[PDB]
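Visitor: Sending over a structure as structure tokens; questions will come in a sec.
Since every read-out is calculated from the coordinates, none of them should be taken as a lab result. As a convention, Cβ positions derive from the backbone with ideal geometry for all residues, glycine included, and neighbour counts pool all protein chains shown.
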Amino acid sequence: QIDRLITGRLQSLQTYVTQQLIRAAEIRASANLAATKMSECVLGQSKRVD
Amino acid sequence: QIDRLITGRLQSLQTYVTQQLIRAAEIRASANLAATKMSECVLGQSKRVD
Amino acid sequence: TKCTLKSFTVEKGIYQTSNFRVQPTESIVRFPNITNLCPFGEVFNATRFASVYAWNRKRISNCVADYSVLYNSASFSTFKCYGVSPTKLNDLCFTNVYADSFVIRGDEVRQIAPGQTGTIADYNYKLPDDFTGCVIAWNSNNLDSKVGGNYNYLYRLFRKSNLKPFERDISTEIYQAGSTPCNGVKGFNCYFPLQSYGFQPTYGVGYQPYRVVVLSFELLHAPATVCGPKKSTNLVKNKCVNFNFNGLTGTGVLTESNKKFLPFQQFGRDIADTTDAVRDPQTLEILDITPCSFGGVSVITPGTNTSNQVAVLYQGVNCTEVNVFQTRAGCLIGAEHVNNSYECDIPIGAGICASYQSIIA
Amino acid sequence: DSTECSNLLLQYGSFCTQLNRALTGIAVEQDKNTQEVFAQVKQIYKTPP
Amino acid sequence: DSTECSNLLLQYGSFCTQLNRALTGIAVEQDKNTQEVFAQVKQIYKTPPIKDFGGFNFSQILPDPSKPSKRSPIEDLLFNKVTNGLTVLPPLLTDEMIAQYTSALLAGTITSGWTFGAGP
Amino acid sequence: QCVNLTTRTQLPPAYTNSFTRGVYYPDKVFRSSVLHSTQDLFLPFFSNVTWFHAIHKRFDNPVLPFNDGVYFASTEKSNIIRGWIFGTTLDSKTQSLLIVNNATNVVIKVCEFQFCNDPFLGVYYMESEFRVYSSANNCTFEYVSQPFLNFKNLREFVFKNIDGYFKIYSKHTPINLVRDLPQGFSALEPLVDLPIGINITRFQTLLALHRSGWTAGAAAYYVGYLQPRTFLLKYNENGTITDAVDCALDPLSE
Ligand SMILES: *[C@@H]1O[C@H](CO)[C@@H](O[C@@H]2O[C@H](CO)[C@@H](O)[C@H](O)[C@H]2NC(C)=O)[C@H](O)[C@H]1NC(C)=O
Ligand SMILES: *[C@@H]1O[C@H](CO)[C@@H](O[C@@H]2O[C@H](CO)[C@@H](O)[C@H](O)[C@H]2NC(C)=O)[C@H](O)[C@H]1NC(C)=O
Ligand SMILES: *[C@@H]1O[C@H](CO)[C@@H](O)[C@H](O)[C@H]1NC(C)=O
Ligand SMILES: *[C@@H]1O[C@H](CO)[C@@H](O)[C@H](O)[C@H]1NC(C)=O
Ligand SMILES: *[C@@H]1O[C@H](CO)[C@@H](O)[C@H](O)[C@H]1NC(C)=O
Ligand SMILES: *[C@@H]1O[C@H](CO)[C@@H](O)[C@H](O)[C@H]1NC(C)=O
Ligand SMILES: *[C@@H]1O[C@H](CO)[C@@H](O)[C@H](O)[C@H]1NC(C)=O
Ligand SMILES: *[C@@H]1O[C@H](CO)[C@@H](O)[C@H](O)[C@H]1NC(C)=O
Ligand SMILES: *[C@@H]1O[C@H](CO)[C@@H](O)[C@H](O)[C@H]1NC(C)=O
């Protein structure tokens, strides 16, 4: 019975950690974009359109 | 017993391949950034701040 | 490649299709020296055997027992097991062995059996209904019998109640055949329970004395000290063989090792907890276990619209272990190596590329 | 807090260490993201009164 | 090498094919990444033998002819400072050819400006 | 034959520090230049080990609970400590294990012994006094082996009762310290595994008298207790354990 509960909860936790890793990659990409905007729009004047 | 070992090792291998894919996405993003820096900082003079 | 890609047309490129294996050729089982043998020579071939009311019990433990010599002996007229198999005695392990030795009559040899009712079974030597082990019996007319009659071998004839299994009774209490009071004084209906046998050389088969040794096995939670013999084979090195060293099994290439073990250590592990070093139990030498040369089989081809010529890449495999060319990626068979440099068409790896113009690398 | 559950969970190996390591990497990555975005100056400038 | 294990593993279908294909995609993606980063020029440029650049010194970044690896002193220091069915595929570009690509990029940006990145 | 020793001087037992002693090899596996974390019955670092003396008038031979294992440290000169007493009730009702080293050999017996209340050996100034038992009724295991043996010698022992296996780990160390345990590292090699299969809950050291009444030769020994914990063991290039980390001692080693 604990073997069934352990494999179910471990699969749930692995799914949660995988989704958190994908969302953390997306937020890291957004934060790299935000740091680029902080460097190029605030600390200087950008010729890049839009 | 072999079925238990098979599903455990298959779960381990799926976990390894999933985290390798996430790290491959991160390394691909870093390499795209490195190719952008190669094009814009080495092959030319960049007006982009920082 | 068509089988792997599930298509009848193959685009130009390199395709990993299979997995080259160095197949294991031999099986090498090395087991340590068969010493400290069990003293079966002083039980089966002792000087004087005991009587059946006072059967001698020898405890066989902390030794290795060779039952094949006992089983292959043709002198034994009866070899009957009731809980095990005679051909699996050399494979099984037991905690201890009880050896019960006695002499009986030739007609009473069948009476040492589970479920058998007789005078020897009820009053002299009783076996349980769930008995495990083997009963061994052989004729001893040339040794035990005397021309004046061997009266030294006694047997119990009378008792009030039947025996429990593995129970001895050396008491000499006078039996009461009737209901008359006997205070140890013999009378008309009070007889001594132990009578002597009539072993003489003129009797035929059935009255001759038979020496019986009964081996009983115990399978308690104590460790199994009594085990069968181990038949170790010769050791073969520098080949991808299946090794079995003292219960540690695997597949590998067994080469000589420069690792100096400490004398208490037997196996060797790397960082990743894989057995890469081992000690042979027969001769105390250290062997490295290199894994066999597994590799990936990749097929380098142009399009099937262009040509049907292919090349095979065995990844991480030396060319002496499989138009043959050695690369750092592996052994490439079917491509002619050239000294000219072109652009990369089909990537092989480590700076090697393949192209079609025949297939060149 | 079940010790029998943890004894059975130790049979599965280092899955829990892997998940804790991944979550720790995400947790320090968020602070790295904030550090990269907002801490682009080492001088705290002040406006005139 | 257990055949009973593989017979039971065939009941799960094409999981192994998906894992191998994902790892193959990662492996070719690494070579594609190196190709996109370093192979941005199709002409292998060299510096002139006389290093007269108006007082500018590039010896720490140009390749050292005395070293067999043909690396720069900085690149040599960088390479010194970095220390069961498993196989490691070698990269398609060796370290010597990546060093050759960086040498070509350095020679282009020293001798020709940004003109080599936009044309001849 | 038994003799009450009635000339003892009353003194409470001592305690001292274990330092980094009591480490043994957990398995028969060679390891080269690697760090191995293992979960087994280990002796805690810097723990409170019980210290017993034999000096003249001190003669410390009590019976102590075995618990899950015993670390025995011996600062020994002139061979006073000769063996140990192993059992549960230490009488003829149960079955007991005897380890003795007399003047010739070491004898290992698993039998039903009647232990004396004060068991000892004796050397006359020549060993001619054996008073450790009064009877031996039902033996199941006998094993005769090679001898194991200012304080000049240091003897470390680990005794474990796991699944009917009796593991003896040992290490001989040449020391020159007078009174207490020296501070250092020495991993105990596995010497011999014994198929005893018996219950053991209590133990007692065996000493030797010096006769010229009786006189106690100068000796001191140390008892430590094995607890289930984790060690991080360091294996050098030659494959010997040179250092260890107790994972539950302090947060730094954690
Ligand atoms: C360019 O820089 C290099 C390195 O800084 C100079 O080489 C040094 O030259 C001096 C004098 O000849 C030597 O004492 C050093 O040992 C040299 N260093 C190395 C690393 O070789 C070089 O002189 C500079 N100028 C030119 C024109 O190359
Ligand atoms: C040494 O002292 C012990 C402790 O008093 C003695 O053991 C007791 O002996 C008496 C003798 O009548 C018994 O009644 C007790 O039951 C014993 N104690 C226990 C715990 O069993 C021992 O006999 C003494 N030795 C000698 C040789 O007399
Ligand atoms: C007597 O029996 C023992 C049983 O182990 C056997 O080894 C020995 O060879 C026998 N003796 C003879 C003379 O056959
Ligand atoms: C074991 O048997 C081999 C057989 O040749 C022998 O050489 C060796 O001395 C024996 N003893 C040990 C301890 O290996
Ligand atoms: C060891 O235990 C004794 C009593 O059991 C105690 O008095 C002593 O302080 C302890 N030692 C340490 C270092 O705690
Ligand atoms: C061993 O002995 C102790 C006390 O003598 C007892 O509590 C315990 O139950 C015994 N164990 C077994 C397995 O008999
Ligand atoms: C040592 O003990 C053994 C076994 O009890 C015995 O045979 C031997 O004689 C003893 N040695 C001496 C010197 O008494
Ligand atoms: C143990 O010894 C006693 C007395 O010596 C004896 O009566 C009893 O039968 C023995 N038990 C076993 C199992 O040997
Ligand atoms: C290992 O053994 C060699 C002798 O072969 C010795 O020189 C070296 O110092 C040893 N290493 C250690 C750490 O003891």
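Visitor: Gap in Å between the Cα centre of the range C:127-171 and the Cα centre of the range F:119-176?
Guide: Answer, in whole Å: 44.
Visitor: Measuring from label point to label point, each 7 Å out along Cα→Cβ, what is the residue C:183 to residue C:320 span in nm?
Guide: Reported label-point gap for residue C:183 and residue C:320 is 10.1 nm.
Visitor: Using only Cα atoms, figure out Rg for the protein assembly as shown and give it as a multiple of 2.2 N^0.38 Å.
Guide: 1.39
Visitor: Return a whole-number percent for the relative contact order of the range C:53-136, with Cα pairs under 8 Å and 6 or more residues apart as the contact set.
Guide: 43 percent
Visitor: Could you tell me which of rounded, prolate or oblate describes the range C:153-209, using a ≥ b ≥ c as the square roots of the eigenvalues of the alpha-carbon gyration tensor, with rounded for a/c under 1.5 and, failing that, prolate when a/b is larger than b/c and oblate otherwise?
Guide: oblate
Visitor: Moving to a separate point now. What does the charge count around residue D:5 come to, taking other residues whose C-beta lies under 13 Å from its C-beta (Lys +1, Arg +1, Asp -1, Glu -1)?
Guide: Neighbourhood net charge equals -1.
Visitor: Next question, about the same structure. To the nearest whole number, what is the average tally of beta carbon atoms from other chains within 10 Å of the beta carbons of peptide F:193-203?
Guide: So the per-residue partner count for this stretch is 2.
Visitor: Let me ask something else. Long-range amide H contacts for residue F:194: which residues qualify at under 5 Å (H placed 1.01 Å from N, peptide plane, sequence gap of 5 or more or a different chain)?
Guide: Amide H to amide H, under 5 Å and 5 or more residues apart or across chains, residue F:194 pairs with F:166, F:167, F:168.
Visitor: Just from its helices, what would the mean residue ellipticity at 222 nm be for the protein assembly as shown, if runs of 4 or more DSSP H residues each count -39500 (n - 2.57) and the sum is divided by every residue, rounded to the nearest 500 deg cm²/dmol?
Guide: Calculated mean residue ellipticity at 222 nm is -6500 deg cm²/dmol.
Visitor: Cβ neighbours within 10 Å, averaged per peptide: list F:170-176, F:191-197 in order, most packed at the top.
Guide: F:191-197, F:170-176
Visitor: Using modelled backbone amide H atoms (1.01 Å from N, in-plane), which distant-in-sequence or interchain residues come within less than 5 Å of residue C:348's amide H?
Guide: The answer is C:353, C:354.
Visitor: In this model, which of C:80/C:186; B:37/D:46; C:58/C:164; C:230/F:171; C:58/F:171; F:160/F:234 are farther than 29 Å apart at the alpha-carbon? Present the calculation step by step, with values, prior to reporting the outcome.
Guide: Details: C:80/C:186 41 Å; B:37/D:46 33 Å; C:58/C:164 19 Å; C:230/F:171 33 Å; C:58/F:171 38 Å; F:160/F:234 23 Å.
Among C:80/C:186; B:37/D:46; C:58/C:164; C:230/F:171; C:58/F:171; F:160/F:234, the Cα-Cα distance tops 29 Å for C:80/C:186; B:37/D:46; C:230/F:171; C:58/F:171.
Visitor: Let me ask something additional. Could the peptides C:210-222, E:32-44 be put in order, highest first, of the mean number of other beta-carbon atoms found within 10 Å of their residues?
Guide: For the peptides C:210-222, E:32-44, the packing ranking is C:210-222, E:32-44.
Visitor: Name the shape class, rounded, prolate or oblate, that the alpha-carbon gyration tensor gives for the range F:14-254, where a ≥ b ≥ c are the square roots of its eigenvalues, rounded holds for a/c under 1.5, and otherwise prolate holds if a/b is larger than b/c and oblate otherwise. List each step's numbers first, then the result.
Guide: Values: a/c = 1.91, a/b = 1.42, b/c = 1.34.
It comes out prolate by the Cα gyration axes.
Visitor: Shielding by partners for C:263-274, please: the mean number of other protein chain Cβ atoms within 10 Å of each residue's Cβ. Don't skip to the end; give the middle numbers.
Guide: On the way: counts 1, 8, 10, 4, 5, 5, 8, 4, 6, 3, 4, 1.
If you average over the peptide's residues, the count of other-chain Cβ atoms is 5.
Visitor: What is the helix-to-structure angle for B:2-37, meaning the angle in degrees between its Cα long axis and the longest Cα principal axis of chain B, kept from 0 to 90 and rounded to the nearest 10?
Guide: 0 degrees
Visitor: A further question on this structure: Measuring from a point 7 Å past the Cα of residue B:20 along Cα-to-C-beta, which residues in the range C:289-303 have an amide N at less than 18 Å?
Guide: So the set is C:294-298.
Visitor: Can I ask one more? Using a label position 7 Å from Cα in the Cα→Cβ direction, what is the ascending list of nm distances from residue B:47 to the same site in the other copies?
Guide: Label-point distances to the other copies, shortest first: 0.3 nm.
Visitor: Something else about it: Which whole-Hz couplings ³J(HN,Hα) result when phi for each residue of the range C:54-71 is put into the Karplus expression 6.51 cos²θ - 1.76 cosθ + 1.60, θ = phi - 60°, listed in order with x for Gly and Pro?
Guide: For the range C:54-71, the Karplus-derived couplings read 10, 4, 7, 10, 10, 9, 9, 7, 6, 7, 9, 10, 9, 7, 5, 5, 5, 6 Hz, x marking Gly and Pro.
Visitor: Can you give the mean number of other chain Cβ atoms that lie within 10 Å of the Cβ atoms in peptide A:20-31?
Guide: 5
Visitor: As an exercise, use a Förster radius of 25 Å and the Cβ-Cβ distance of residue E:59 and residue E:81 to find the FRET efficiency, rounded to the nearest 0.05.
Guide: 0.80
Visitor: Are there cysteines in chain C with no other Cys C-beta under 4.7 Å, and if so, which?
Guide: C:3
Visitor: Starting with the highest mean, order C:124-136, E:71-83 by the number of other Cβ atoms within 10 Å, averaged over the residues of each peptide.
Guide: Taking the mean over residues of other Cβ atoms within 10 Å, the ranking is C:124-136, E:71-83.
Visitor: Here's something else I'd like to know. For chain C, with the dipole built from +1 on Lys and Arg beta-carbon atoms and -1 on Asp and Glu ones, taken about the Cα centre, which of C:228, C:136, C:296 lies farthest toward the positive end?
Guide: Toward the positive end, the furthest listed residue is C:136.
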